[PDB]
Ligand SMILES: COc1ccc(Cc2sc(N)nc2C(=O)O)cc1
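The chain below stands alone, shown as structure tokens; this is the form deposited without this ligand.
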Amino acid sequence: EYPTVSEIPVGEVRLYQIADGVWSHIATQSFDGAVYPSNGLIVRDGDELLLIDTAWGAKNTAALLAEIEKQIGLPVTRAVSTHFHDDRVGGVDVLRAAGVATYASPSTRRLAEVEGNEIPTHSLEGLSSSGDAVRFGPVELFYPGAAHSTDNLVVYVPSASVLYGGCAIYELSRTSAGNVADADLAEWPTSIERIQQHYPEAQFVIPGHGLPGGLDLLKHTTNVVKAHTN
């Protein structure tokens, strides 16, 4: 039932209704020989839509907007990128040209700039310290500390108890660590624990890539990060 790379051909995007006014957007990516699904989030904010992360790149993101415009019909007015990597900010220029107001922490914007990636226009203050949380429309933005990246943020939708971890949280099918070049392996577990202590009520946990699950994805991720560290 949850879209997999089997139901989504490269360059296309599919939306999945997780709860009322809450969706995940799935896009198939092709990287270094393999193909895999990438998850994003969409949260109804009144009569508008809040988008969490791009679909990696201009084309895919443009396809994302198109799939939203026809399946949902509400205007995407704001967007938040969970970290500076190209798969999460790539497509921001497209979002900006469509009238979407793009956001990201100063930390993320700084890192994207240094990396030469697209840069969300607006800045999200109040998230520079581990454990920081701020309300942003229908969701709560949370910085658990360095993990997959030193700037990664996780998103929680209180009304639906949906937690989007971005690449900070792995799916069960992932047995080994992914790209940990810019990750803080030493802090990742402690950051996961902060996520656990802040959202003990989460019912649906969405990993950066793959099938959603429950809060056990946190421990899974921790198990995988631990093993990699050793």
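Each form is matched to the other, and the largest set of C-alpha atoms that superpose within 1.5 Å is called the rigid core. Residue numbers run from 1 along the displayed sequence.
Although not depicted, the form solved in complex with this ligand is the subject of the following passage.
In summary, among the residues 51, 55, 195, 167, the only one with a non-hydrogen atom within 4.5 Å of this ligand in the deposited complex is 167. Taking the partner from the other structure, this ligand in the deposited complex has no heavy atom within 4.5 Å of any heavy atom of residue 67. Proximity of residue 14 to this ligand in the deposited complex: non-hydrogen atoms within 4.5 Å are absent; the residue sits far from the partner. Contact annotation: residue 36 falls within 4.5 Å of this ligand in the deposited complex, judged by heavy atom distances. Put simply, residue 87 is close to this ligand in the deposited complex: some heavy atom of it is within 4.5 Å. Of the stretches 195-203, 58-66, 36-44, 157-165, only 36-44 has residues with a heavy atom within 4.5 Å of this ligand in the deposited complex. Only one candidate in 181, 34, 186, 66 has its Cα displaced by 2 Å or more between the shown form and the other one after core superposition: 34.
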